[PDB]
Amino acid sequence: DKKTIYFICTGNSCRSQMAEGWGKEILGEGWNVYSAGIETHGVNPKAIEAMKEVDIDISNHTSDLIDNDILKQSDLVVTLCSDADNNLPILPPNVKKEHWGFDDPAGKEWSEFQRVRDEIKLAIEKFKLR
């Protein structure tokens, strides 16, 4: 019954972790939500803190490599970063792919972490109402 959305960004540390957090909160009733990257850089504490400000707990999340099994049965794969698409294999027709680009908040102002977090929320809300 539930469909599957896969948020992809190299590192699975910041943008994709926020997407997974918002995805579970907003899309949870009709979607299984996952996030991954071609390589793992660890869940950034600033991403955990950014989600904590808006009452979303992402402290139990893990920084995961892309899983072949989850990828093949995904209804929608969403790349969120500049090099994420280049690091994906050819996806079969049952899997849809979209690019929702967001700026990298790594090493930037706190207002930028908040902006990117909120832009991701807006994109996921727009997705739910398609």
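Position 1 is the first residue in the sequence shown; the rest follow in order.
K.L.:
Quick one: say whether 108 to 116 or 17 to 25 has the higher mean Cα B-factor in the deposited entry.
P.N.:
Looking at the record's C-alpha B-factors, the answer is 108 to 116.
K.L.:
Which has higher Cα B-factors on average according to the PDB entry: 54 to 62 or 35 to 43?
P.N.:
Taking the mean C-alpha B-factor of 35 to 43 and of 54 to 62, the larger value falls to 54 to 62.
K.L.:
Which listed residue, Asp67, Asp75, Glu98, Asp83, has the largest C-alpha temperature factor in the record?
P.N.:
Among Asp67, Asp75, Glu98, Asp83, the PDB entry lists the largest C-alpha B-factor for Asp83.
K.L.:
Taking the entry's C-alpha B-factors for this chain, is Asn94 in the lowest, middle or highest third?
P.N.:
CA B-factor rank for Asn94: middle third.
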